[PDB]
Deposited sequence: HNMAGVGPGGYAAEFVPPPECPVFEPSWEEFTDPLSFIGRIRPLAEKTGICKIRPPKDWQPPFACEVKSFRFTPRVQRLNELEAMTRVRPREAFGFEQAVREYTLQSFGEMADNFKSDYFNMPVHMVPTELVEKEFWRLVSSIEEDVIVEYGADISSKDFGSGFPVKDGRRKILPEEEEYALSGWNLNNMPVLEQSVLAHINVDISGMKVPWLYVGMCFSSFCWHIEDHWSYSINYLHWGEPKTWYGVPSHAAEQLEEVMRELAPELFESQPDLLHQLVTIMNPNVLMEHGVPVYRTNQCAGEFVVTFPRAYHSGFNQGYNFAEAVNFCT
């Protein structure tokens, strides 16, 4: 069965270290760049409110067939946050015959990877992925006037760890001659396959609420090693595809990469925790259950 990769670094900055995100990320870089991904737990008393327009939040999530690649050899339906959560919890509790909170993270992980390569069982899930923060607002409070902000929430609207306040403009000559966070509503086994960011950007990811998001990361020094294993083992029909298209179907069990000598690290990102991905650090992951994440690419 699946062997969990080693854990990536977790940082628990003090209030002093927590003052500036770019400064803190710059300081942890000698360790974190060697693991590709890292997790950051804010101080216990840092608790932003959840600020999306819940009454009107509606979406049609994409359908994900876990074993679609293995198989080489359902209409979109609309939910609210509440109705998606009812569906997601019923799915997971039915699947494991247990209350959702009682399912060990290790068992979801082992079952996910078994299903990805199974030919006898076809499991299909749904992912509310790539929902713009413009549609119903960010999960963080923002001082744009669309939604009321209480006085005790203003510090979160102004915080450098609010994803809407991260720097996003890349330096370039074209910038002289001449982006908002995205949201992800997860359910058990919804997933994202191996990729890096456009422009080799950093990314930062915050889990507002719900069950954990499980991540795998590869440090940038091993990016070419990973791409070589993909070439060798990915289906030939997709082998000639440009990376921007191949990344839509680059699903690969971390143990396969590990057997080929690619360093892989894992983490369970829990509610209230951040994950940072370093430049050119391949990453992939899946959701343990019903949850809500926000992510943005930022530059240093």
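Several segments of the deposited sequence are absent from the coordinates, namely 1-13, 87-97, 203-208.
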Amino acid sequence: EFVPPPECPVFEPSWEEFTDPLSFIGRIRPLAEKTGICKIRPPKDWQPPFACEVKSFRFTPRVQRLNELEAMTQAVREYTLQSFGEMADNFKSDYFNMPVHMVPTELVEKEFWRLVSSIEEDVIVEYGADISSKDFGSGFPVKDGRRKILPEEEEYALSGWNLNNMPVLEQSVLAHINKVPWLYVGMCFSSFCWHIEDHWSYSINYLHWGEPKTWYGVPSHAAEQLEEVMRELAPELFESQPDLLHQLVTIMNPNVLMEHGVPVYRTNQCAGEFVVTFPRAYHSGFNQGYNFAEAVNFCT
From here on, numbers count along this sequence of modelled residues.
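Among the other PDB entries of this protein that were compared and that flank it with modelled residues, residue 178 is left unmodelled in a third or more. Taking only CA atoms, the mean B-factor in the PDB entry is higher for 236-244 than for the other of 56-64 and 236-244. Set 248-256 against 270-278 and average the Cα temperature factors; 248-256 ends up higher.
Which of 122, 224, 86, 211 has the largest Cα B-factor in the deposited entry comes down to 122.
Of the residues listed, 34, 231, 39, 27, the entry assigns the biggest Cα temperature factor to 231. Residue 262: CA B factor lies in the middle third for its chain, per the PDB record. In the PDB entry, a CA B factor belonging to the lowest third of its chain's modelled residues is recorded for residue 203. Ranked by Cα temperature factor within the chain, residue 181 sits in the middle third according to the deposited record. Per the PDB record, residue ranking by Cα B-factor puts residue 167 in the middle third of the chain. Among the modelled residues of its chain, residue 111 has a C-alpha B-factor that falls in the middle third according to the deposited record.
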